[PDB]
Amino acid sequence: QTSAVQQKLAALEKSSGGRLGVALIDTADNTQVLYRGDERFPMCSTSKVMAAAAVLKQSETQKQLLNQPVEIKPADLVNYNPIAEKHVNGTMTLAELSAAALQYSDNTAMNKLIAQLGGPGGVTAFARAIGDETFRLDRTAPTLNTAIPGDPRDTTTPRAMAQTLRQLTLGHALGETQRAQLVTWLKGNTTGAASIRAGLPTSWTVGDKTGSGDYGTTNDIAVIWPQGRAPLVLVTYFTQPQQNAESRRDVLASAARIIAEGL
């Protein structure tokens, strides 16, 4: 079948010139709306949620872990380091690195999370441990954002990512304390107002993580507390044919608007 919402999402996609992937979980009824839900997309920095959550899981058996100093060296800086560059030749804790990675999309911070997990494969191992058989992290930042069409590296499907983000933020993949910390971090994101947020009514609350990369790749994954409604989890992933394509955060906003109007 093609549902009315799917038909609208297809029309949006047709007019964007790229490829759109959407997955909604409505926790009012534990149902799912999917558009290219089983196709792979490059995650770009949306993968930082999985890395931060894996460190939060480690902290369940190490109560001081998030206060653990990590040295930041000049060689650690990469292409986008708004927080970490201030701490070169000093230290940041794993809490600080998690907050920087999630709320500012600091790539040096993400790389410290990855290193704490033993490399990209450690992030994938955490995904598997929480029931996500689809996610894969293969590279550090920034090369995880190359977003080359057809490349399986650093990809997931909308279905899998929605289901993971539910489990992490609303379910029991993390302990109580850790889940609340993750939600606090996502709600404090600085980078999201033009993406899913921009398609929703003002009164709805959002916590999200954006991503972008080559091929005009423009992504957002969110938990949403609508006015008067049980929470939603929404993944919107968008990528384009030309390497140098311009971000399209408006397409994500439009997808979110269609989903909101279809509840």
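Throughout, we count residues from 1 along the sequence that is shown.
Mean C-alpha B-factor is higher over 89-97 than over the other stretch, the pair under comparison being 89-97 and 136-144. 77-85 and 186-194 differ in mean CA B-factor, and the higher of the two is recorded for 77-85. Across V233, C44, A28, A54, the greatest Cα temperature factor reported in the deposited entry is at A28.
The deposited CA B-factor of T177 belongs to the highest third of values across its chain. Compared with the other modelled residues of the chain, the Cα B-factor recorded for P152 ranks in the middle third. Annotation for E60: C-alpha temperature factor in the highest third relative to the rest of the modelled chain, per the entry.
Sort the chain's modelled residues by C-alpha temperature factor and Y35 lands in the middle third, per the entry.
Per the PDB record, residue ranking by Cα B-factor puts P120 in the middle third of the chain.
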